[PDB]
Every structure is written in C-alpha cells, then in structure tokens.
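> take a look and give me a structure for this.
(chains A, B, C, D, E, F, G, H, I and J)
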Amino acid sequence: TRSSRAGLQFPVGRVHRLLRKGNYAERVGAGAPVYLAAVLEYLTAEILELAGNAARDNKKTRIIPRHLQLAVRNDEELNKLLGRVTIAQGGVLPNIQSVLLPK
Amino acid sequence: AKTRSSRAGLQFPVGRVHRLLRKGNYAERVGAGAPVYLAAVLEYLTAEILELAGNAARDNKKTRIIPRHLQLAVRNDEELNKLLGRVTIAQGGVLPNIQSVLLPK
Amino acid sequence: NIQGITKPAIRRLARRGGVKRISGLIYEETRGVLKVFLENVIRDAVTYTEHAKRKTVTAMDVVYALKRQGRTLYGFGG
Amino acid sequence: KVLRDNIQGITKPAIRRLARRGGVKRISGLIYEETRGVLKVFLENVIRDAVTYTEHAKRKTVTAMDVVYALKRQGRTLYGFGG
Amino acid sequence: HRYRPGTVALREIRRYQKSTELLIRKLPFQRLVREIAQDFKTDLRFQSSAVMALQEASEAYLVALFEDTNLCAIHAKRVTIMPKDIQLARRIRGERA
Amino acid sequence: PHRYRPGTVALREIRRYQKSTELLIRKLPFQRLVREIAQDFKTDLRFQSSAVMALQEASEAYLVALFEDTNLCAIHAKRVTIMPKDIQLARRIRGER
Amino acid sequence: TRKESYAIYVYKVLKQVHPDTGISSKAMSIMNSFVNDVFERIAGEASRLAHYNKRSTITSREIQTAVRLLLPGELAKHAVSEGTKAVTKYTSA
Amino acid sequence: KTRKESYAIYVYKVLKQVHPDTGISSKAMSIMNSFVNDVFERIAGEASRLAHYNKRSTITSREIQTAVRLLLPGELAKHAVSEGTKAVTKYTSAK
DNA sequence: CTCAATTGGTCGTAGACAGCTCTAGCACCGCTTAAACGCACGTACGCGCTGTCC
DNA sequence: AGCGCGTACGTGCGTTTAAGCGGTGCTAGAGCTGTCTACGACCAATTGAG
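Residues are numbered from 1 along each chain as shown, chains lettered A, B, ... in the order given. Shown next is the protein structure:
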C-alpha cells in the first residue's frame, strides 16, 4: 500500500485516481497525490479534533453537526476557509448585540 | 467554405474555441457542435456589449469606444451588470449617480 | 402556499438570527426574499435536472445549484 | 532599501477624490485613517496572492498577470491587463 | 405578573440559537417548493432529501440575512428591523441590484 | 469676494469624477506603498509598471465601491454621509474582515 | 510574440454592429479579457456538468445548459437562440 | 447494488487518532465527507489553474503546495505545508 | 465478497534546465507646478433630547 | 424626530512639497531556445481493502 509508504490514513491511491479522472491536468505527478492526501488528512484532523473537544464541552459521546458548526465558526481560520459554506443541522453561534441586552 | 467559422456563419474562430476547449482540459472529448455553440454565444455577447458601448460612444459623440463606454454599457444594462457584477473594468469609473439625499433642495 | 411560511416560523428564524424586535412588514418582505431565493436555486437545480433528462430533482441537483450560487452546502454529498 | 510609512502616500485629498467618485458628499476626518487601514488589508491580500504566484513561477518579477490571477482568485476579476 | 415587553424575546433568541433543528414547517415549505418548480417544469419530482437540503440552504440564508439586517438596525440604532433594513442589507450584499 | 456654499463644490466634484475615469490616487506614492507591502512578503521583487497600475485600478475601484456601500449606510433618520462605523458595517455585511 | 487575441473577431463583430465606430486599443483589450473570462466560465461550468453526468464528451447540450445557468434569463434566452441557430446552420452545412 | 464510495472509514480512523473516545453521527460523517470533497475540489482546481498559468502539463506536489498556500489561511496553510512536506519526504523514503 | 489498489516494467516526451540575450525595470537627476499641506473660518448637519406616537 | 446646540470639516488661500515628466544611464532576469532524460502514462500481472 502507498498510504502505508507515506504514513497516511487517507487513500493516496484514490486521491491519485480522482486527480486523474478529474481532468485537473494532462498528468499528475506521483508526488502530488501524496501531498494532497496529507493535506486532506491534516485538514479533517484539525476540525475533527475541534469537534471532539466541543463534544467534550457539550458532554456528548458522538460528534453531531452542531459540534462541527461550533468548531468551524469558533476557529477564526476555519471560519475564514468556510465562510461561504453552510452545514446541515449546524445552527448558529450565540450572537446577541449589546444594545439588545438590557442594562 | 473550408472554415468551421464558415458553415456556422460566424466571425469567431470555431476551430480556436475547439482548440481551447481541448487544451483547457474541460473534458476528455469535445463534440464538434460544442465549439460552434460556444463560439456563437461568445459572438452574441460581444455583439450585445459592443452595441451598447457604441451607442454610449455615439451619445458621447465619439467614434472610438474607450473603456468609459464599455463600463457605461455594462452597468446600464442590468443583465450585463449581473453577468459582470463582480468584474472590475480598468479605467471604467462609475455611472454618474448622486444620491438624492445629497442634492440641494 | 407562500403564507405557509407562518408568522411564528419567521419569528423563530429571526430569533435564531438574533432579531429582538420585528416590524410586521418584515413577514411579507421575508416571504418575497425567500421566494426570489428559492426561484433562483430551483431554476438552477431543474436546469441540472433538465440536462440530466430527469424528472426527479435530486439532492445533488440542489447541492450543485447552491455551489453555483456561492452557498456551498455540506450534508448531502459534495 | 527598506520601505516604510508609504501608507501615508494615500493623501487625504486622494481619499477625498475617491469618496467623490464614490458619491460621498461629506467625509468624517476619521474615515481617512480607517480607509488607509482597509486599503492596506486589501493590498496585503492581493499582494500575498500575487507573490505566491510569482514564487510558483520562480519569477522574481511580479507581473500584471499574477495580479490579475490574484484578483480573480479573490473573486474581483480585473479586465484590461490580460487573463 | 407581566413580563416587560421584550424580555421573552431575548429568552427566545437564546433558545433558537441553542436549537439547530429546522424552523419552517416541512410540508408547507415542500409545497411552496413544488409550486415554484412547477412554474419552471411540469410533472416534477423531488427527493425528500433534496427538499430538506433546499430548506437547510433557505433557512441558513435567511438567518444570515436577518443577522445582517439586525446589524443595519443597530446602525440605525433601532431595535426593530424593517424592510428598509433588508433592502440596505441585500443591496450591500449586491443581491438585489 | 466669492464663496461657494458648503458641498456645492463637492457636488460639482462628484459630477466631475463620475464623468472621468482616470486614476484618483497619485501613482508613485501608490507604487512605493505596494513595494513596501510586498517587501514584507518577500524582498527583491520587481514590479512591472503595468502590474502596479493594475493593483492601483483594483484598489481604486474596490475603495470606490466600498464608499458607495458606506454612503448607502448613511440613509437612516435622514442621517448624512459616512463614518468609520459605517465602513465597518458595510464590510461586515459583505463578510469582509 | 504570436499572442492570440480576439481583436480581429471583435473587429468583425463591431463592423456588423457599428462599422463607423472604432474600438480603442484598451477597449479592445478589455473585450479580449471579457471574452476569455466568459469562455472559461462557460467551459468550466460545462466541465462540471459533464462530471455530474459522468459524460466525458462535452456536447453542445452541455454548453446550452451551462449558458442557461450562467447568463441571466433574457440574455440566456437570446444566447440559446443564437447558439441553436448556429448549430442548425453548421448541421445543414 | 450501488456501492457508493466515501472517505467514511478514513474519517473514522482519523477521529480515533484525535479522539479515541466518542464517535461521529452519520449526519456529521456526511458533513465531513462533503468537506473532504470540497477541499479536494478547491485544491485540485487551484493546482489546475496554476498549471495552465505556467502552461505546464504536470500538477506536481509543488502545484499542490502553492495552491494550499493561496487557499488556506496563513497559519493553517503553514501547518498544511509542513504536513505535506513531511508526507512527501516519507513517501520518497519508501518504494 | 470483489474489483480498485497495486506493482515492475517500458515508452517517450515534459519539462528540467542551462545557456543566452536584451526587455524593461532598476536607479537618478532635475526642473516644473499640480497637488499636498496647513491654516483660517464658519455654518450645517452629527450630536443631543423628550415630545409623542404605537 | 423637531429643533436646538456646536464645532467639524468644506471652501478658501497661501505656501511647501514632490509627482510627474522626461531625459538618461544601467543591468538582470524574462523569456526564449536548445539539449536530456526523469518522469507519468500504459500496460500485464498481482493483491486485498471497503
């Protein structure tokens, strides 16, 4: 196996397959799918880590879309990456503006 | 006629469009009608824009379309403005528009 | 149909949106804007469906329509 | 040569002219500073992208093309320069 | 007693930002969808999942619109959002021309 | 002597610049600024004069659009023109940071 | 150096539209940029449409639906009429 | 019958690498699969355009690199660049 | 349970990549004066409210 | 939100700056072209991960 050869969980083979079939270029150098799989596993790790931490915060045995939305919107960088993304069953962050609250 | 711009009755280079569609890796294969169709739509849009911009030039009393006129045309037509709403045109400036609040009473 | 988007439903949404106080005129405005929205999204989706020669609008058609609109939705396949 | 403070090359009258084309009649003296700020952030983003393209090209010259690509990637497509 | 008007509103905001389930009734939305689509094509079918996806996108869009509008109101120093606020919002977004 | 009333000249100016399309920022200042910012990213980068002018066209059109949005934010209670709160609002409505 | 541009084609168009009207160098430039832009947008959309249909041979139909997606409805309608007319002529030729 | 492929198993494996405790709901798993596909799309698209901008035929690991540096926020890009360099060096350390 | 991942190998060419120049982008002076600055000034529109409306 | 308050920033003007022109020098690396082969695609035969 190649992900073995690279220490990856994500399927280097299937990433190479998708890069080939996706017509992204005439040729896809063998280093490219390894690198992309690694990036796609550092991402995903990032967010699944934050979602599991949120699940601990929310005292849950399972990540539910709430936890993903919370993780994504609390992390300023993921919220930059995903600002034009919406997530099923995610809801929204607590947002009340100062003039709406009573003095 | 020999060209695929002829037979199509188009000025735009059907063979060039086909080449680009192949060269751009947009697909593995590009059916011969697709270049013709794309070329024709290209031509139509260029025509519509050049019409509006030429009219603006004419009412600017100028024979040469300059970016002023392209921007005026593109923003005066709501539909072109929707097609080009995110586009910035070098040296286009803005439509003359002052908010009525600002005008003296 | 359109009035099926009840006043309480719109209140609930605006509350999720953090709206404290609502002019009643907001309800018909919301209905109009939501209609326009749906219009555009469904038109794109059907246009994929028409191209696929399908009669069934699929979840993928909706996803791809939203991906076009700049509204990328996760939850139904990418 | 180290470059500094060139943000001040955005002269108050320049920002005024821009506000005029923008249809602003009266401009808060505060806007000029915030406007320099916003412009700086914007330039930062576009330049970062164009630089990254030059780095991929291994080119030591930032070209118009690289700026155009940056702006298109920014979703702000610029016509008049190619691309 | 009487809760001073506006005190339940904040409580409801707190609830509905805590909650994440969809807030429009499913069938009425579905029927509005079928109506709008009929205008474009006859004898259409929808996957239930496709309708739910439409509803998700529609609700999250509306929530973000309400947020922005609220901010416009606050800029108006108004607690009450108004049609002019929605108009300004969308205008700045460049949705409406 | 002669004095235009306040904003008379300002309106004449707006009319003027909406008629014209030249660059409103003075070029060489802008170029130096660009060089400075880029130096923060990478030393020893040469800028095609065209590439500069392109950055300038983009910056000007972007800021003009922003000012448009900001002036639209003026609207409530027949409030007039623009303040940094307006800029911040308009940007956040755009979803800019 | 053999830089391809739509300059000649755009000229021809304009000679249809306002032969008395010239296009400035920069205006021509902009039109070139626009043409390339819309080309890329339409072709990319046709590509994604092709992917969704697992079709590797972009036909005129993919271009047609892409155009219906990208262009606003009246501009789209006209573009469709032009495209189908051109394809009809080419088919008859 | 339809054997629809997904990254599900790899998402679960990575979850258990970050959190051996807890699981992920099928809904959140679908959202993760979506997110994976989206990021893959964005990156491969960027690398495609970088190649065409250079007229180069081959999307190399370097195209992916610069794409990641353009697309992701600076810190996230930084760490992603570290991870990709590490992974490519590991792969090229095996055969 | 099975067909997508996998390997060693060949092919041939993409692009490494090294040289080669001369494009045009670097500095540079230096004179002109449009524009920048800064100061005065003032009036109009940003601040305020409690009148009042639901 | 009418109307009061008031001092902010518009119109002006006089002075100072340096942007612009443009004229001139220099050079480095943009881009071209030519040589090689590292490389990715194709392939048959192989395996077990999803």
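> list the contacts of residue 5.
Going with chain A. By Cβ atoms under 8 Å, 6 or more residues apart in numbering or on different chains, residue A:5 lies in contact with A:12, H:90, H:91, H:94, H:95. The way it works is simple: take the backbone N, C-alpha and C, and place the C-beta from them, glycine included.
> looking at chain G here, not the other one
Counting by Cβ under 8 Å, 6+ apart, residue G:5 has contacts G:28, G:32.
> what's it sitting at in phi/psi?
Main-chain dihedrals, residue G:5, degrees, to the nearest 10: phi -150, psi 150.
> host element of the residue in chain G that chain C sits nearest to?
Going by Cβ to the nearest Cβ, chain C is nearest to residue G:65 of chain G, at 4.1 Å. Assigned by DSSP states H and E, residue G:65 belongs to helix G:60-70.
> so is the residue most central in space within chain E in a helix, a strand, or just coil?
The residue lying closest to the centre of chain E (Cα atoms, centre = their mean) is residue E:62, at 3.1 Å. Classification of residue E:62 using DSSP: H, G, I helix; E, B strand; the rest coil returns helix.
> count of neighbours near the residue nearest to it when sequence neighbours are not counted?
For residue E:62, ignoring the flanking residues on the chain, the nearest one in space by Cβ to Cβ, 6 or more residues apart in numbering or on different chains is residue C:13 at 5.3 Å. When neighbours are defined as other Cβ atoms under 10 Å in any protein chain shown, residue C:13 has 24 of them.
> tell me which other helices or strands the helix or strand residue C:13 falls within touches.
In this structure, residue C:13 sits in helix C:7-16 according to DSSP H and E. Applying 3 or more Cβ pairs under 8 Å, 6 or more residues apart in numbering or on different chains; DSSP states H and E, one finds that helix C:7-16 contacts strand C:21-22, helix C:25-51, helix E:7-18, helix E:48-75.
> give me the distance from it to the chain's centre.
Distance of helix C:7-16 from the chain centroid (Cα atoms, centre = their mean, to the nearest Å) equals 15 Å.
> list the buried ones in it?
C:9, C:10, C:11, C:12, C:13, C:14, C:15, C:16 (16 or more other Cβ atoms under 10 Å in any protein chain shown).
> what's the answer for stretch E:80-91, then?
The neighbour-count check on stretch E:80-91 (16+ other Cβ under 10 Å) flags E:81, E:82, E:83, E:84, E:85, E:86, E:87, E:88, E:89, E:90, E:91 as buried.
> now the helices: where do they sit in the chain?
You didn't say which chain, so I picked chain A. Ranges of helices within chain A are A:2-6, A:12-21, A:31-57, A:65-74, A:76-81, based on DSSP state H.
> other chain: chain G
Secondary structure of chain G (DSSP H): helices located at G:7-17, G:25-52, G:60-70, G:73-92.
> contact partners of stretch E:81-97?
Contacts to stretch E:81-97, defined as Cβ under 8 Å, 6+ apart, come from residues B:78, B:81-82, B:85, C:14, C:19, C:21-23, C:25-26, C:29-30, C:33, E:65-66, E:68-70, E:72-73, E:76, E:78, F:69, F:72-73, F:75-76, F:90, F:93-94.
> now, of those residues, which are buried?
For the contacts of stretch E:81-97, buried by 16+ other Cβ under 10 Å: B:81, C:14, C:19, C:21-22, C:26, C:29-30, C:33, E:65-66, E:68-70, E:72-73, E:76, E:78, F:69, F:72-73, F:75-76, F:90, F:93.
> mind listing what the residue in chain C that chain D sits nearest to touches?
Proximity of chain C to chain D (Cβ to the nearest Cβ) peaks at residue C:70, 8.8 Å away. For residue C:70, the contacting residues are residue A:84, by Cβ under 8 Å, 6+ apart.
> for the one 3 residues further on, same thing?
When contacts are counted by Cβ under 8 Å, 6+ apart, residue C:73 is found next to A:85, A:86, A:87, A:88, C:62, C:63, C:66, C:67, E:53, E:56, E:57, H:34.
> returning to that earlier point: can you name the two of the buried residues of stretch E:80-91 that are farthest apart?
E:81 and E:91 (14.8 Å; Cβ to Cβ).
> pick out the residue of chain E closest to DNA strand I.
Closest residue of chain E to DNA strand I, Cβ to the nearest atom of the strand: residue E:77 (8.1 Å).
> where does that residue land in three-state SS?
Under three-state DSSP, residue E:77 falls in the coil class.
> so it makes contact with residue A:98?
No: applying Cβ atoms under 8 Å as the test, residue E:77 and residue A:98 come out as separate, 11.8 Å apart.
> against residue A:37, how distant is the residue nearest the centre of chain A?
For chain A, the residue nearest the mean C-alpha position is residue A:44 (3.9 Å; Cα atoms, centre = their mean). Separation of residue A:44 from residue A:37 (Cβ to Cβ, to the nearest Å): 11 Å.
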